[PDB]
Every structure is written in C-alpha cells, then in structure tokens.
Amino acid sequence: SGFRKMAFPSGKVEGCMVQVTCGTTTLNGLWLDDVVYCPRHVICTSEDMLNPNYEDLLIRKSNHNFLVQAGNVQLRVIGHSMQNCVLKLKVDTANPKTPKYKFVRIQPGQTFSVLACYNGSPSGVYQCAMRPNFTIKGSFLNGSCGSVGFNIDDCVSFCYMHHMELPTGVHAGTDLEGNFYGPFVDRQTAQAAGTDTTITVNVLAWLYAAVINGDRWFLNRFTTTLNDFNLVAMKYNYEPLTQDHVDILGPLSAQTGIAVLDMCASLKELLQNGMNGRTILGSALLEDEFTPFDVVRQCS
Amino acid sequence: XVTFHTXXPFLXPXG
C-alpha cells in the first residue's frame, strides 16, 4: 500500500552518460552505440549566444575540438553532424552498455523520469511532467545541460534532453531528434513560458490512486456529463478531458468500480467547494503529475 | 534572457 513520486530505475541510462567539452564549454552527452548526442550550444561561447549562427560555427569546428570522456576513458571523435538543436558526435568505440532504446516525442501531460547529471556523472533521478505549455518543472543546476528524460517500456524511451532555464525558474529542452518542445530557441532572446493549465486526466488518475489507498471522503453521489464537466473544468484553468483520456482511465475505473463520470462529479465538488483543509493522500493541493499509467504501476 | 546550464553557464544578458 502507499503512493509516492516514483521514478523508473536509472541503471540502463547511467551507463550512457558521458562528458563532452568544446573548448571552455562543458555539458553531458548521451552515448548510444557509436554516437554521442548533446545540445549543440556546446560549440558556442557566451558572446555567441545573443544571435548565434550554428551553421558556420560547426564548419569551423573540427573533430579535435571535442573532448568526450566516459569515466576516466577518453573517446575519440571521428565525425560530427547536427540534427536540429542536437549535435551528433561519431566516436570510435560503440557503447558496450547501450540498452535497447528508441527516441519518442511525448505529448504534454505525459510523465518521464529525469537522470540529472554533472560532468557526465549521474547525481539523482526524479519524475517530471511535460506541462501543457511545453515546459517542465525540473531541478537543474549549472552543468546539467544534456541530462535526459526517459520511460522504460526493457526498452528505454528517451524523450527529453535539457537545454535552458526560462526566467520563471522552469525549464525547456528538446527531443533526441533536436526539436524543441514548445516554441523555444537555443539562442539568447526574450522567451516567455505561456500560461499553464492543470492536467485533468492526471488529477483524476490521482484521485483513483487515493481511492485504491483508502482515502475516499471526497466521493459523492452525483454524476455529470463529459460536456458539463468540461464547462466547469475550463473555468478553473483545467485542461478539457477528452474521450481518449476517458479510455486511458479504463484500468483505474475497472479496478475501483468507479466509472469515469462518477469521478468527474467528485472532482467538480472539490473544484467548487475546495478541500476544506483536508488531505487527499497527505497532500493539501490536487496533484496533476501522475499519469494513469503511473498510477497503474504503483497500484498493480 | 534565459540561462543555459553548461558548465559554465550562459547567463542573463541580463547583465
């Protein structure tokens, strides 16, 4: 019994984390087979970041301009190319600990685990959600660029690589194909994080987790229509619950016996009259950073 | 501005 912010085990990814230095600039890289993937701003300098031309900068770089270290062991760069905001460094040795992997782009609202790394050494692992405005509320210090996010399906799904911190203390990054989540750019310019909303399907999944764990005070007798629920939800800056969200809650409704619209009604109550100083699962706010899948894993 | 979490960080032009 119990419920906790639970990350995937990190061991498969720890063995892929290397250090990548380009002159003065250092960050982490992902070492898969005989390629190392890292944020392409490693080839810049602080002066460049204002308006940088990455195309030329890469031309003037040569393989020797890149120092890759995996542990004490140096890796030799024998080629370099650029895919969107991600740099791909070809190396002589294939990573012996390469796991079965695949590059996925995640939808906003889905969660992943983040392995925070410094100078290619892992420091910790935590869970994160892709907010609806395509930012994540991570925990990153100077030198963590190139940390990655993943899910495990024994196949690792890499889905996030860290690039910058927005002014609100919130982070932005790319997928392993180099494309930024959201509208952000690896150049020094004014970049706003949009107005955020709450991930409805996740708050629901969380309430199911509460019921499974014996916390059911908030269950009511009423029901609602999906459309009438969305009318109340949007008023509270909640994401509109979709038919595809409804199917995904399926396992949780089956396990508890509580249908989805039953729970939507219980949530409507909480949204209107608040909690009245009570805790659902020891938390006094509503939690929206657990996907339905996440609940199924911990309550299987 | 934004901050890039190199190193070594690209900061705040800002100043």
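Under the PDB entry, the name given to chain A is 3C-like proteinase nsp5, and the organism recorded is Severe acute respiratory syndrome coronavirus 2. The record lists the entry's title as "Crystal structure of SARS-CoV-2 main protease in complex with Mp-4D7".

## As for the interface of chain B and chain A
Residue-level contacts link 13 residues of chain B with 28 residues of chain A. Of the pairings in the sheet, the one linking strand β12 (residues 156–165) of chain A to strand β1 (residues 3–4) of chain B comprises two bridges and is antiparallel in character. Among the inter-strand pairings, A:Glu165 is bridged to a residue of β1(B), identified as B:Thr3.

## Quick notes on the sheet that holds strand β7 (residues 86–91) of chain A
All names here are of chain A. On the basis of which strands lie adjacent, the open sheet formed by seven strands has the order β5-β4-β1-β2-β3-β7-β6 and antiparallel pairing. In this open sheet, the two strands that pair with only one neighbour each are β5 (73–75) and β6 (77–83). Going across the sheet, the axis of each strand differs from the next one's by a mean of 30°, ignoring polarity. Examined bridge by bridge, strand β1 (residues 17–22) and strand β2 (residues 25–32) share six bridges and lie antiparallel to one another. Of the residues in β2, the one forming a bridge with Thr 21 is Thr 26.

## Here's the deal with the domain arrangement of chain A
Often, the extent of an interface is quoted as the loss of accessible area on bringing the components together. Residue and element names in this part refer to chain A. Taken domain by domain, chain A consists of domain 1 (1–14 + 100–196), domain 2 (15–99) and domain 3 (197–300). A straight line from the C-alpha centre of domain 1 to that of domain 3 covers 25 Å. Taken residue by residue, the interface counts 19 residues in domain 1 and 20 residues in domain 3. Summing the contributions of domain 1 and of domain 3, the shared interface buries around 1600 Å²; its carbon and sulfur component is 50%. Ranking the residues of domain 1 by area buried against domain 3 places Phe 3, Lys 5 and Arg 131 at the top, with a combined share of 37%. Applying the counting rule to domain 1 against domain 3 returns four salt bridges. A salt bridge links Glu 289 to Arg 131; the nearest nitrogen and oxygen atoms lie 2.9 Å apart. Linking domain 1 to domain 3 there are 10 residue pairs in polar contact.

## A word on helix α3 (residues 200–212) of chain A
Residues and elements named next belong to chain A. Taking 1.5 Å as the rise per residue, α3 with 13 residues should run 18 Å; its terminal C-alpha atoms sit 19 Å apart, in good agreement. Burial of α3 is extensive: 12 of the 13 residues sit out of reach of the surface. Those residues of α3 that are buried are in contact with α4 (226–235), α5 (243–248), α6 (250–256), α7 (260–273) and α8 (292–298). The positive-phi residue at the C-terminal boundary of α3 is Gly 214, with phi of around 95°.

## Describing the nonpolar core
Nonpolar side chains tend toward joint burial in soluble globular proteins. Formed by 33 residues in total, the largest nonpolar core has its most connected members in A:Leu207, A:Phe218, A:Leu241, A:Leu249, A:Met263, A:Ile280 and A:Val295. Going through the elements one at a time, α3, α4 and α7 of chain A are the ones with two or more residues in this core. Counting residues per element, this core draws most heavily on α3(A), at 10 residues. Residues contacting A:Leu207, with those up to four places away along its chain left out, are A:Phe218, A:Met263, A:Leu267, A:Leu270, A:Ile280 and A:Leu286. Ranked by size, the runner-up nonpolar core spans 32 residues in total, among them A:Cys22, A:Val91, A:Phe184 and B:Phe10.

## Section: the pattern of salt bridges
Residue and element names in this part refer to chain A. The tally for this structure, following the rule as stated, stands at nine salt bridges over all chains. Ionic pairing is found between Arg 131 and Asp 288, a salt bridge with its closest N-O pair at 2.7 Å. Members of the salt-bridge network, linked through shared partners, are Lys 5, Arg 131, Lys 137, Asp 196, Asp 288 and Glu 289.

## Some thoughts on the packing of α4(A) against α7(A)
Residues and elements named next belong to chain A. At a closest axis distance of 10 Å, the pairing of α4 and α7 adopts a crossing angle of 25°. With respect to α7, the axis of α4 lies roughly parallel. Remark: the crossing between α4 and α7 carries left-handed chirality. Listed contacts from α7 to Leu 226, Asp 228, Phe 229, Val 232 and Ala 233 of α4 are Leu 261, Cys 264, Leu 267, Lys 268, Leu 271 and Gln 272. Its residues assigned to classes, the contact of α4 with α7 comprises eight nonpolar, one polar and two charged.

What counts as what
Residues numbered from 1 in each chain as written, not as in the entry; some residues may be left out. Chains lettered and ligands numbered in written order. Heavy atoms only, no water. Residues with missing side-chain atoms left out of burial classes, pairs and counts. Contact = heavy atoms within 4.5 Å. Pairing = 2+ DSSP bridges. Helix = DSSP H or I, 4+ residues; strand = E, 2+ residues; numbered from the N terminus. Axes fitted to C-alpha atoms, helices over the stretch in contact; angles between N-to-C directions. Domains from an automatic or database assignment. Buried area = accessible area lost by both parts, 1.4 Å probe. Salt bridge = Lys/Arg side-chain N within 4 Å of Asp/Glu carboxyl O. Polar contact = N/O pair within 3.5 Å; in protein donor to acceptor, adjacent residues only side chain to side chain. Expected span 1.5 Å × (residues − 1). Buried < 20%, exposed > 50% of the residue type's maximum accessible area, 1.4 Å probe, protein only. Core = buried A, V, L, I, M, F, W, Y, C linked by side-chain atoms within 4.5 Å. Parallel < 35°, antiparallel > 145°, perpendicular 65-115°, else oblique. Left-handed = near helix turned anticlockwise from the far one by under 90°. Nonpolar A, V, L, I, M, F, W, Y, C, P; charged D, E, K, R; others polar.

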